[PDB]
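Enquirer: The structure's right below; bear with me while I get my questions together.
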Amino acid sequence: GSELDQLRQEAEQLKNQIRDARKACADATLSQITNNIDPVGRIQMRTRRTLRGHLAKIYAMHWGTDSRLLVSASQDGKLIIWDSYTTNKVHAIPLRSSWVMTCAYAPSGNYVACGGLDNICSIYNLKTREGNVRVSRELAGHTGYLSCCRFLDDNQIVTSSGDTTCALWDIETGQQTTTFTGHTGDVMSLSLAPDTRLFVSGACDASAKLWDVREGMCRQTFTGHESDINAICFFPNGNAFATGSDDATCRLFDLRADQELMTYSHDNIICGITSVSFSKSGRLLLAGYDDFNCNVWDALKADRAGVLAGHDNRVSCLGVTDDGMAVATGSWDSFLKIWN
Amino acid sequence: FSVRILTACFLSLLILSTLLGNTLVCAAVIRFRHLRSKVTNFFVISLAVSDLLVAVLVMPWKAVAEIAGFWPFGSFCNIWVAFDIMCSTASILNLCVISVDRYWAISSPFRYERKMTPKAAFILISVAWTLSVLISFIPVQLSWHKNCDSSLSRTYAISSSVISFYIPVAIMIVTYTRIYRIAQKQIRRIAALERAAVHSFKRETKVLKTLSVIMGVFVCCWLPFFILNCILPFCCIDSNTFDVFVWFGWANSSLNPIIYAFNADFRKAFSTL
Amino acid sequence: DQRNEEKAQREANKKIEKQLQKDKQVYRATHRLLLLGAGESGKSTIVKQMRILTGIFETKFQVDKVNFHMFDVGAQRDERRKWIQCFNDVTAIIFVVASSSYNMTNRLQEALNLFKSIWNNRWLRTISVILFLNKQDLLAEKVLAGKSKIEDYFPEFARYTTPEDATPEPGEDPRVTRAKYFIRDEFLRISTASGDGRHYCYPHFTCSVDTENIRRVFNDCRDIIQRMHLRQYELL
Amino acid sequence: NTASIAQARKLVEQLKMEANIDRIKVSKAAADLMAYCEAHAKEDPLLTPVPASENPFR
Amino acid sequence: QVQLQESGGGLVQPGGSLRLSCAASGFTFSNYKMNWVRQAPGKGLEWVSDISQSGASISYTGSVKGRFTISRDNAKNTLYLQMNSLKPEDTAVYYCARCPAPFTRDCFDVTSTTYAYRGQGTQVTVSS
Ligand SMILES: CC(C)CCC[C@@H](C)[C@H]1CC[C@H]2[C@@H]3CC=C4C[C@@H](O)CC[C@]4(C)[C@H]3CC[C@]12C
Ligand SMILES: Oc1ccc([C@H]2CNCCc3c2cc(O)c(O)c3Cl)cc1
């Protein structure tokens, strides 16, 4: 008798219990310890290397483990793989579809991913012996736009797409091994922990859900935001992660705490974030707001360590190397400014 | 330095404002890339370049000459004349080709983006520059002219001012009066959709006001000199008032960054620089 | 060595730069188009009536040596707040509106709120919208027969008359003209509500004749880049 | 209505799975993050100003 | 946690009055373009009314234009929908569909179900 009503009432009671359990272990906040650590200061970073080769707006990028080559996607049908050290476009992949929204550099530098409104996550071989690059595998299992994707190895990658479901793909068989379902809004981004065993994924329903790559289920759910979580990136520690949504406020959640630690709010900004990643130490949170600027926030002092000039359009993608050497920001002006 | 100090200060302020605007546009186009990757601004860059030139190798000599009546660098004066022409018509040509560019950007934008590639823009800029060179640097070695303030040969001065100003301003009038007809056609289409949404001349006069600055100011500065430049050998005009109109012609070069680099793309770069 | 691999890298970068400079002219020539609607509003008929032509994602045509990239989204999900931001460098957002499906749900209002979301978007505010009032032939028998009246879905139609700048069709009753042009003026009300000048709506009626429709897109896109260049030079 | 039934069923199952987890104190989590930061701050090129000697960008 | 509880509604006589109170907790109510979107039984979700971030850009759909009245209250973070002169066609489940992004005027909640910021809804039905 009225299974929907009673089951939704039970779900609301469970959500209230989750909130009470979160506030029970929340007797303080991350700000209560800012008096113990010293800030970094207003560090103004300049563009050491600029990458002006794209024909359309740059929507996605990703860094390699070598911290030298970086891939970037734009709506011109081209995928440009630059060498950030000497400023040379190592590769130019002609994409099947112009509008692409995701980028993922393989942990071995041998593969790369794509995807957009075509709903196809075209993998490409980088160090292939055939000379130019070619399509490695056409991952066609998503009913919506491919928002973001990450690489786990040269065999399996994960893709968070706009079909409210993430999928751990497999480059060998070309089929989804597991499918992470549970998001109510179209997913917008995702990130992998340094351990690579579990990954977090931010969607448009303000839910930064944490899934486990081994079991394929939903480990934790972080509904602490207020709008579409356009960007999300796991802390270098592996137990926390920052999330930049459309509400112009970034939120730092923690896995073991299962709640929000800090809110990087500011009255001067009213436009949401679309690109977020952490530095090598995680103290600096690079957040690409929609105001043509990028804010380096002090992830432990709850204040912005510096605003970046440069980009004239919306900065849509951001990437910090695995050693934190330099942060590459790609905006909608077909430019990639590499700050350091 | 009592009654000439006022005109000396005015001339120095004019040349300094010219050089300031010119260096501003040049820095905005060499440091920023959103003002150099767009093809429509390419010609404008060339204008600024020519403007830069007239600010570094034309204006200072005539300025230091007019403040005292004498003339330094006598043996180069003829060359300076060439330099002056090598800048002035160039600017005009640049101005002209800019209008031409704008014409292609308004008449047939699709054929403009298809044909007038940045390579074709470079070709057109080079064509304007070599036209200015052959109308300036070639006749100076053959001495087609007539302290150095003498008149020019009517066989060349008429043939130059036509190629320097009259033929460009003829194309510049046509291309801008064709733009006005097309802009009014779009304004009529805009009003046909805007008024129907509400169910006028304020926006219809914005293009007329803009054309009054991008073309009217260019005419009101260069034409009052070129009407004398065509009748000074054909006579009329004195020597103490002709140079004032020459400086009045160079006044358009002072307002060229204020006219063409006034767009929001160039305004944002000037605020940071 | 010191320059052995760097010279090869620079040669590859030069080749990539040549390829990108060759493709930049193409990207500037192929004016991308966003084809969308409030659902089954006749976009499939627009794709069918376009050069007589992996499901339905992108269709390309070419008129007067001017190619276009009409991207359809008939395979995306319901929510449009994110994948529509990818059409920020797009030339024209062709909004195929069903001018007769206002009865069914109120698909007309569904298109208005989407057009209002496209107009007032932070990224689609610099892109014009080619308003394609599809199913105009269906609208002819929808309002005259009394089966579907704008009054049941819009009260402003009662206080609305045919504008003086209307272009009637031979064999079309003024009640249809008053109804059809109300759909245009209703979208144009949202189009002129912003008044930013960076983008204007282009209302056009289609689906009545099976003639070439890509000309209606070419002639609109020509005026789109015209007013885009006019606004660039402050001539509009 | 079976679609919404299954959706709410999966939702309440995810809520039950998230309820039986080990939620540590926010103070311990903040201390762990601060310790990781202070242990990785001396080698982070973005936090501390890195000279052009070892930095391959400046 | 972004949650919207739309209390009120019920079985009322057509042509009377009703008040739907959307308690919207979990976000800054004074920054999102709150709006009401109804779904008729058997039909898709149809946008009903909308209000700006402060209360200036007030708009309703043609089916309820002039009859309904939307009003935001940023002091208590509540959206009120006063339905006047009810219609037999107004029987539907009304959701407190929030605008996706704050400080903007574009809302994409007019789409189909499974929307992010959309409450449980209130089955506002009319009598016969
Ligand atoms: C002695 C005189 C006649 C020399 C002539 C100067 C002319 C030919 C030179 C001087 C400065 C030059 C410009 C400098 C910079 C650029 C930007 C580049 O992206 C395209 C070419 C362009 C726009 C050049 C075109 C040619 C140019 C205008
Ligand atoms: O005695 C002289 C008087 C005037 C001039 C310059 C004046 N400054 C503008 C350039 C110019 C001149 C003369 C021309 O005949 C001409 O066609 C041009 Cl464009 C030179 C020597």
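We did not get these values from a lab; they are worked out from the coordinates using the rules stated. All Cβ positions, even for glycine, are placed from backbone atoms using ideal geometry, and neighbour counts span all protein chains on display.
Enquirer: Let's test the formula: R0 of 30 Å, r as the Cβ-Cβ distance of A:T128 and B:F122. What FRET efficiency results, to the nearest 0.05?
Expert: 0.20
Enquirer: Apply 1/(1 + (r/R0)^6) to the Cβ-Cβ distance of C:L144 and A:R197, taking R0 = 41 Å, and write down the FRET efficiency to the nearest 0.05. Show your work: numbers first, answer last.
Expert: Working: r = 67 Å, r/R0 = 1.63.
Efficiency at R0 = 41 Å is approximately 0.05.
Enquirer: Starting from a Cα-only point model with no solvent, please compute log10 I(q)/I(0) by Debye for chain A at q = 0.11, 0.15 1/Å.
Expert: Reported log10 I(q)/I(0), two decimals: -0.66, -1.22.
Enquirer: In region B:1-108, which chymotrypsin sites (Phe, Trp or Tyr not before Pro) fall in coil by DSSP and have 15 or fewer other Cβ atoms within 10 Å?
Expert: Counting only loop positions with at most 15 other Cβ atoms within 10 Å, the chymotrypsin sites (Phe, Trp or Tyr not before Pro) in region B:1-108 are B:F1, B:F70, B:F73.
Enquirer: Same structure again: Tally the DSSP beta bridges in chain C and give the antiparallel ones as a percent, rounded to 5.
Expert: Details: 6 of 25 bridges.
Given both bridge residues lie in chain C, the antiparallel proportion sits at roughly 25 percent.
Enquirer: Starting at the first residue of region B:71-88, write each ³J(HN,Hα) from the Karplus equation 6.51 cos²θ - 1.76 cosθ + 1.60 with θ = phi - 60°, in whole Hz, x for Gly and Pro.
Expert: With the stated coefficients, region B:71-88 comes to 8, x, 6, x, 5, 9, 4, 3, 4, 3, 3, 3, 3, 3, 4, 3, 9, 4 Hz.
Enquirer: Taking only the C-alpha atoms, wrap a convex hull around region A:142-277 and report its volume per residue in Å³ as a whole number. The partial results should precede the final answer.
Expert: Values: hull volume 12.4 nm³, N = 136.
Spelled out: Cα convex hull of region A:142-277, divided by residues, is 91 Å³.
Enquirer: Rg/Rh for chain D: what does it come to with C-alpha atoms and Rh from Kirkwood?
Expert: 1.41
Enquirer: Which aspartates and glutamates, on any chain, are close to E:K43 with Cα under 19 Å apart, when same-chain ones fewer than 8 places away are left out?
Expert: By straight Cα distance, E:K43 reaches C:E40, C:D78, C:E79, C:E110, C:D152, E:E89, E:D90, E:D109.
Enquirer: Moving to a separate point now. Any idea what % of Cα-Cα pairs in region C:64-178 are farther than 20 Å?
Expert: Working: 3434 of 6555 pairs.
Roughly 52 percent, once rounded to a whole number.
Enquirer: Taking K and R as +1 and D and E as -1, what net charge do the other residues with C-beta under 11 Å from the C-beta of C:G197 add up to?
Expert: +3
Enquirer: Related question: Could you size up the charge dipole of region C:32-232 around its Cα centre, putting +1 on the beta carbon of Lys and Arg and -1 on that of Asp and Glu, and report it in debye to the nearest 20?
Expert: Dipole size: approximately 620 debye.
Enquirer: Also: Which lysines does B:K62 reach when only Cα atoms under 29 Å apart count, and residues fewer than 8 places away in its own chain are ignored?
Expert: Hits, sequence-local ones excluded: B:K146.
Enquirer: Ratio of alpha-carbon Rg to the 2.2 N^0.38 Å globular estimate for region B:72-193, to two decimals, please.
Expert: Here the answer is 1.35, to two decimals.
Enquirer: Moving to a separate point now. Where q = 0.09 Å⁻¹, what log10 of I(q)/I(0) comes from the Debye formula for chain B, counting one point per Cα?
Expert: -0.45
Enquirer: Rounded to whole Å and sorted largest first, list the principal axis extents of the Cα atoms in region B:6-97.
Expert: Principal extents (largest minus smallest coordinate, Cα): 45, 26, 20 Å.
Enquirer: Determine the calculated [θ] at 222 nm for chain A from helices alone, applying -39500 (n - 2.57) to every DSSP H run no shorter than 4 residues and normalising by the residue count; nearest 500 deg cm²/dmol.
Expert: -2500 deg cm²/dmol
Enquirer: Another question, if that's okay. Could you state the orientation-averaged shadow area of the convex hull built on the Cα atoms of chain E, in nm² to one decimal?
Expert: Dividing the Cα hull surface by four gives the mean projection, 7.0 nm².
Enquirer: Still on this structure, I have one more. Using a Förster distance of 60 Å, how high is the FRET efficiency between D:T48 and B:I231, based on the Cβ-Cβ distance and rounded to 0.05?
Expert: E between D:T48 and B:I231, to the nearest 0.05, is 0.25.
Enquirer: Provide the three semi-axes, in whole Å and in decreasing order, of the ellipsoid equivalent to region A:1-151 as defined by the square roots of 5 times the Cα gyration tensor eigenvalues.
Expert: Sorted largest first and rounded, they come to 40, 28, 13 Å.
Enquirer: Can you list the residues, at least 5 places off or on another chain, whose amide H is less than 5 Å from the amide H of A:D186, using H built in the peptide plane?
Expert: A:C204
Enquirer: Right, here's the next one. Taking other Cβ within 10 Å of each residue's Cβ, how do B:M215, A:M325 sort, fewest first? Please report the intermediate quantities before stating the final value.
Expert: Details: B:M215 21, A:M325 25.
Fewest-to-most Cβ neighbours within 10 Å comes out as B:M215, A:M325.
Enquirer: Once label points are set 7 Å from the Cα along Cα→Cβ at both B:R203 and D:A6, what is their separation, rounded to one decimal in nm?
Expert: With each label placed 7 Å out from Cα toward Cβ, I get 5.1 nm.
Enquirer: Could you pull out the trypsin sites (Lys or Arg not before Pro) across region A:169-230 that fall in loop regions by DSSP (anything but H, G, I, E, B) with no more than 15 other Cβ atoms inside 10 Å?
Expert: A:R197, A:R214
Enquirer: Here's a follow-up. At q = 0.06, 0.08 Å⁻¹, what log₁₀ I(q)/I(0) does a Debye calculation on the Cα points of the protein assembly as shown give, no solvent, two decimals?
Expert: -0.53, -0.89
Enquirer: Please identify, among A:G162, A:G109, A:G41, the residue showing maximal mean-square fluctuation in a Gaussian network model of chain A using a 10 angstrom Cα cutoff.
Expert: Highest fluctuation of the listed residues: A:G41.
Enquirer: Output the pairs from B:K185/C:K65; C:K147/E:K87; A:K23/D:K25; C:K24/C:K60; A:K89/C:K60; A:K280/C:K14 with a Cα-Cα distance over 21 Å in this structure; if there are none, say none.
Expert: Violating the 21 Å Cα-Cα cut-off are B:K185/C:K65; A:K89/C:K60; A:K280/C:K14.
Enquirer: Can you put E:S128, B:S99 in order, fewest other beta carbons within 10 Å first?
Expert: Lowest to highest Cβ neighbour count: E:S128, B:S99.
Enquirer: Kirkwood Rh over Cα pairs of region A:235-305 into Stokes-Einstein at 37 °C, 0.692 mPa s: D in µm²/s?
Expert: Working: Rh = 11.9 Å.
Translational diffusion coefficient: 277 µm²/s.
Enquirer: I'd like the per residue volume of the convex hull spanned by the Cα atoms of region C:10-84, given in cubic angstrom. Don't skip to the answer; put the middle values down first.
Expert: On the way: hull volume 10.3 nm³, N = 75.
So the per-residue hull volume is 137 Å³.
Enquirer: Follow-up question, since we're still on this one. Just want the ordering: C:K180, A:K57, from fewest to most Cβ atoms lying within 10 Å of their own Cβ.
Expert: Lowest to highest Cβ neighbour count: A:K57, C:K180.
Enquirer: Given just the C-alpha atoms of region B:115-273, how large is their convex hull per residue in cubic angstrom?
Expert: 194 Å³
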